[PDB]
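Just one chain follows, in the form solved without its partner chain, and it is written as structure tokens.
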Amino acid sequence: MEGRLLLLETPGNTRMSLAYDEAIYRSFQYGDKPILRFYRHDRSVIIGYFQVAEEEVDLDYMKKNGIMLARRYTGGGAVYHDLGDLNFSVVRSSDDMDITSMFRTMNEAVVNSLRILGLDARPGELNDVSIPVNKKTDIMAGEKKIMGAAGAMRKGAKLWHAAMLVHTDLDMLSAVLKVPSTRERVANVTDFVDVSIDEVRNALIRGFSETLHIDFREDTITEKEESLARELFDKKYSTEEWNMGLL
């Protein structure tokens, strides 16, 4: 019933940040303490595992605007991050391959968390990975999308991480993402309530702790995980083939 709260952050280097994520996920062994991690990235665009950078973003807008490009290990679509976006990961032991329940359980925690801040949100309704919003992996506030998520499962463990728009530059995100209006489908938590990243982070800590019945106590990354991250970075996340989507 006890867990690890990791405020493991690496703004400035999204690629190393994602390496940390996969590292805590891959080092995890069945029975370990559940993990909840919070982190932010500076202006970045993160594409999914099955995505190709040039098909989701403009290598120019990003070039000219100092937008970092990075590809995560989980599936899903392309999202824009800035210090106004709050990302967070959950890693727990797994006894099945049921993906729907993971997303279902994590959204319940997000909903209970946001409620503490007076923001009434709900999960999307459609099962279509190709649509930008209203999916069951999305959390909507009103008719706008405020958080998207993705996940992975392997023998003994499951991973779920999301991106929540708190006070992100939405115009920026819309301009950089190739879709086909985007500006009209997203929203920041602060468009609703005047709360800070810490307030949102602290709300989520409570929500997840109460919903999952896990007492997440602030901790630090281990040397083992820290080493695997360094290796995942040097051998993968730091390469162009990976971030372009070829590896």
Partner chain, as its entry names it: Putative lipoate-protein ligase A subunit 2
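For clarity, a rigid core is taken as the largest C-alpha set superposing within 1.5 Å between two forms. Residue numbers count along the first chain shown, from 1. Residues that one form lacks are left out of the comparison.
This protein has a second form, the form deposited with its partner chain bound, left out of what is shown; the following refers to that one.
For its partner chain in the deposited bound form, the listed stretch (88-96, 164-172, 104-112, 121-129) containing residues with heavy atoms inside 4.5 Å is 121-129. The closest non-hydrogen atom of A157 lies beyond 4.5 Å of its partner chain in the deposited bound form. Its partner chain is not drawn, but in the deposited bound form it has a heavy atom within 4.5 Å of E55. With a 4.5 Å cutoff on heavy atoms, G142 does not count as touching its partner chain in the deposited bound form; it lies far away. Using a 4.5 Å cutoff between non-hydrogen atoms, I116 does not count as a contact of its partner chain in the deposited bound form. Taking a 4.5 Å heavy atom cutoff to its partner chain in the deposited bound form, the contacting residues in 36-73 are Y49, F50, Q51, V52, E55, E56, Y73.
Candidate set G148, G151, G77, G124; criterion, C-alpha shift of 2 Å or more between the shown form and the other one after rigid-core fit; matching residue, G124. Moving regions between the shown form and the other one, defined as 3+ consecutive residues each with a CA shift of at least 2 Å after core superposition, lie at 124-133, 177-180.
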